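>>> starting from these lines, generate the structure:
(2 chains, ligands or ions: 3)
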There are 2 protein chains.
Amino acid sequence: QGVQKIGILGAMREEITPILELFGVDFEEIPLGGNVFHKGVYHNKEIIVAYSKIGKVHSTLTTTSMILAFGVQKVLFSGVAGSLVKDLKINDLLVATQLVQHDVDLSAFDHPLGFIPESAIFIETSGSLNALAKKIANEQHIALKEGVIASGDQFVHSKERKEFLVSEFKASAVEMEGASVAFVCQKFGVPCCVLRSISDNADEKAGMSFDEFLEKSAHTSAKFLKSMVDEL
Amino acid sequence: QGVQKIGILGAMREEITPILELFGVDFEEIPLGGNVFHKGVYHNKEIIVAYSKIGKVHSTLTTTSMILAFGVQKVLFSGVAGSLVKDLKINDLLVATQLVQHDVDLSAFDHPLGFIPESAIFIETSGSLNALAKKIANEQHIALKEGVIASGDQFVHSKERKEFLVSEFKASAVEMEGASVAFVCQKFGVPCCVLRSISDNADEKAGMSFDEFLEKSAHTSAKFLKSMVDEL
Ligand SMILES: C#CCSC[C@H]1CN(Cc2c[nH]c3c(N)ncnc23)C[C@@H]1O
Ligand SMILES: C#CCSC[C@H]1CN(Cc2c[nH]c3c(N)ncnc23)C[C@@H]1O
Ligand SMILES: [N+]
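Numbering: from 1, shown residues only, chains lettered A, B, ... in the order given. Ligands and ions are numbered 1, 2, ... in the order given. There you are, the coordinates:
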């Protein structure tokens, strides 16, 4: 019966700018492990917001810090992603049902791609939180897609790599942090939800699309994340 | 003026088996975040030993746990690695002077390979600890090499990838955890030393070589790590 502590994560500063703005509360800035954590109070909940910096190691570190140093009981991720599928268009919102580290390769020992011993290819997120996301989206008449998100330490900008992600993992979107965030949460038994809004199509024009749409797509995701926190 | 707390990390159980045996003290087993931490007392020092499990996310998580949950003031890594250079042979010992995440690719935005914004290509380890390693090796007439270690989430077993690591990063050895361990330590200001003993040549026969030499190479590294702790 303490105050609920909720971790809110993006990868880049641009993904958390709209989060901080939308909550509209005063935040205390707390430096730790190369991150700045923004700690505020919102409707009987303590919210801790940070951007991890890009990629798997950064996001793993920051999620672990949120859990161990700030005692968060849930983690919600908001940011942008590349679309791997024709029906996911720029600005569309996706909730990740499972995530994979698409760049993991222990095939020299006959392991399937994505697999590491003492783990699994696919990492699950919270069914209760994903159900909440879907409930809210239906009530607000927001198209919310669901699917597998692939995460790796490369910005994907080729037809060939996109097609690999679809064929190998049946992934719908690609990014560089979701799987590591969801993985850390699974290891600590912390409920996790990963939201992404599409910024690009992970093809040869992805860099230019990303730079154009980062702000808008980040805001779309942030607004939805806030609507979830309103129901926690 | 408290007791010095030292984190001792391997990636696989096999890399820490000789560590636990060689210290020869009683350890309390403490589960946290999917790892088991072995906490013992050795010569006015508290030693916390764990294996992270394989790869960058696992090792990032465990190093962060060591620092935040166990309060370690230094981190020493011991394990095995693939050789990228003719003069590093099976069983040889290497101390990593810098490390890189060799699989990071943000070249779509004209970043050099290995680079992430708000970080650097090369991560340094502790000069004071590396100097200690070299001093001990010279006193014991142990050949200790030094160089760049490349870390990524793939087991390297091809001429083509080996040559890339040498050309791109001037790396001497390859593994899947050193850069992430050293990175976490840098972010928290914790001195880090990464030791590796060669298990294979990162070529088409690397899997078979690794399985053959894991035990012996792990022990070689562990023995050297213990000799360092004896001087702390
Ligand atoms: C320098 C620089 C920016 S790297 C890209 C950011 C955006 N994010 C999501 C993302 C959006 N589009 C992507 C794509 N095509 N591939 C990987 N990841 C993504 C992954 C990284 O945090
Ligand atoms: C399944 C399974 C085992 S994956 C290999 C282990 C050994 N380690 C070091 C290592 C030794 N040789 C290597 C190589 N050729 N490539 C990458 N890493 C390494 C990296 C991983 O922890
Ligand atoms: N990776």
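
>>> state which helix of chain A is the longest.
In chain A, taking DSSP state H as the definition, the longest helix is helix A:206-229.

>>> what residues does chain A have near ligand 2?
A:106, A:109, A:117 (C-beta under 6 Å from any ligand atom). Yep, even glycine has a C-beta here, placed from its N, CA and C like the rest.

>>> using CSV, lay out those together with neighbour count and secondary structure.
Listed next are the residues of chain A next to ligand 2 as CSV, based on neighbours: other C-beta atoms under 10 Å in any protein chain shown; DSSP: H, G, I helix; E, B strand; the rest coil:
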residue, neighbour count, secondary structure
A:106, 20, coil
A:109, 12, helix
A:117, 13, coil
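
>>> who in chain A is up against ligand 3?
Residues of chain A lying near ligand 3 (C-beta under 6 Å from any ligand atom): A:56, A:103, A:152, A:153.

>>> which of the residues you listed fall within helices?
Using DSSP H, the residues of chain A next to ligand 3 in helices are residue A:56.

>>> got the residues of chain A next to ligand 3 as CSV, with distance to residue A:125 and neighbour count columns?
Formatted as CSV, these follow (distance: C-beta to C-beta, whole Å; neighbours: other C-beta atoms under 10 Å in any protein chain shown):
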residue, distance to residue A:125, neighbour count
A:56, 17, 30
A:103, 20, 23
A:152, 18, 26
A:153, 20, 26
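
>>> how about residue A:218, what does it touch?
Going by C-beta atoms under 8 Å, 6 or more residues apart in numbering or on different chains, residue A:218 touches A:10, A:12, A:14, A:15, A:17, A:18, A:78, A:79, A:80, A:197.

>>> burial measure for the residue of chain A at minimum distance from ligand 1, as a count.
Closest to ligand 1 within chain A is residue A:82: 2.9 Å, counting by C-beta to the nearest ligand atom. Residues near residue A:82, counting by other C-beta atoms under 10 Å in any protein chain shown, number 27.

>>> hang on, it packs against residue A:199?
Yes. Residue A:82 is within contact range of residue A:199, at 6.9 Å (criterion: C-beta atoms under 8 Å).

>>> any common contacting residues for these two?
Contacts common to residue A:82 and residue A:199, judged by C-beta under 8 Å, 6+ apart, are residue A:210.

>>> mind saving the C-alpha coords of the longest helix of chain A as PDB?
Output of helix A:206-229 as PDB, limited to C-alpha atoms (Å, rounded to 0.1, in the frame of the first residue of the first chain):
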ATOM      1  CA  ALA A 206      14.900   5.300 -43.500                       C
ATOM      2  CA  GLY A 207      17.500   7.700 -42.300                       C
ATOM      3  CA  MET A 208      15.800  10.700 -44.000                       C
ATOM      4  CA  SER A 209      12.300   9.500 -42.900                       C
ATOM      5  CA  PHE A 210      13.500   9.100 -39.300                       C
ATOM      6  CA  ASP A 211      14.900  12.600 -39.200                       C
ATOM      7  CA  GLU A 212      11.600  14.000 -40.600                       C
ATOM      8  CA  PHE A 213       9.200  12.100 -38.400                       C
ATOM      9  CA  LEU A 214      11.000  11.500 -35.100                       C
ATOM     10  CA  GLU A 215       9.200  14.400 -33.300                       C
ATOM     11  CA  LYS A 216       5.700  13.600 -34.500                       C
ATOM     12  CA  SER A 217       6.000   9.800 -34.000                       C
ATOM     13  CA  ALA A 218       7.600  10.300 -30.500                       C
ATOM     14  CA  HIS A 219       4.700  12.500 -29.500                       C
ATOM     15  CA  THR A 220       2.100  10.000 -30.800                       C
ATOM     16  CA  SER A 221       3.700   7.300 -28.700                       C
ATOM     17  CA  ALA A 222       4.100   9.600 -25.700                       C
ATOM     18  CA  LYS A 223       0.400  10.600 -25.700                       C
ATOM     19  CA  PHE A 224      -0.700   7.000 -25.700                       C
ATOM     20  CA  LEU A 225       1.700   6.100 -22.900                       C
ATOM     21  CA  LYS A 226       0.200   9.000 -20.800                       C
ATOM     22  CA  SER A 227      -3.300   7.600 -21.500                       C
ATOM     23  CA  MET A 228      -2.100   4.300 -20.100                       C
ATOM     24  CA  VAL A 229      -0.600   5.800 -17.000                       C
END
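
>>> does residue A:112 lie in a helix or a strand, and which?
For residue A:112, there is no helix or strand it lies in under DSSP states H and E.

>>> please apply the same query to residue A:138.
Per DSSP H and E: helix A:127-140 holds residue A:138.

>>> buried residues in the longest helix of chain A?
A:206-207, A:209-210, A:213-214, A:217-229 (16 or more other C-beta atoms under 10 Å in any protein chain shown).

>>> please apply the same query to stretch A:68-88.
By 16+ other C-beta under 10 Å, the buried positions in stretch A:68-88 come out as A:68-70, A:72-85, A:88.

>>> measure how buried residue A:157 is and give me the count.
24.

>>> same question for residue A:169.
22.

>>> backbone torsions only: list them for it.
According to degrees, to the nearest 10, the main-chain angles of residue A:169 amount to phi -120, psi 0.

>>> ok, now how distant is it from chain B?
15 Å (C-beta to the nearest C-beta, to the nearest Å).

>>> so what's residue A:9 closest to, chain neighbours aside?
residue A:77 (4.8 Å; C-beta to C-beta, 6 or more residues apart in numbering or on different chains).

>>> angle of whichever strand or helix holds that neighbour against helix A:206-229?
Assigned by DSSP H and E, residue A:77 falls within strand A:74-83. For strand A:74-83 against helix A:206-229, the angle by axes from the mean of the first three to the mean of the last three C-alpha atoms, to 10 degrees is 150 degrees.

>>> can I get strand A:74-83 in PDB, CA atoms only?
Output of strand A:74-83 as PDB, limited to C-alpha atoms (Å, rounded to 0.1, in the frame of the first residue of the first chain):
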ATOM      1  CA  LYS A  74       6.300  -1.400 -13.800                       C
ATOM      2  CA  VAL A  75       8.200  -0.200 -16.800                       C
ATOM      3  CA  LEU A  76       6.500   1.500 -19.800                       C
ATOM      4  CA  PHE A  77       8.600   2.200 -22.900                       C
ATOM      5  CA  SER A  78       7.700   4.800 -25.500                       C
ATOM      6  CA  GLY A  79       9.500   5.700 -28.700                       C
ATOM      7  CA  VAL A  80       9.700   5.300 -32.400                       C
ATOM      8  CA  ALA A  81      10.400   2.300 -34.700                       C
ATOM      9  CA  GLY A  82      10.900   1.200 -38.300                       C
ATOM     10  CA  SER A  83       8.000  -0.600 -40.000                       C
END
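
>>> other SSEs contacting that strand?
strand A:4-10, helix A:13-23, helix A:56-70, strand A:171-175, helix A:178-188, strand A:192-200, helix A:206-229 (3 or more C-beta pairs under 8 Å, 6 or more residues apart in numbering or on different chains; DSSP states H and E).
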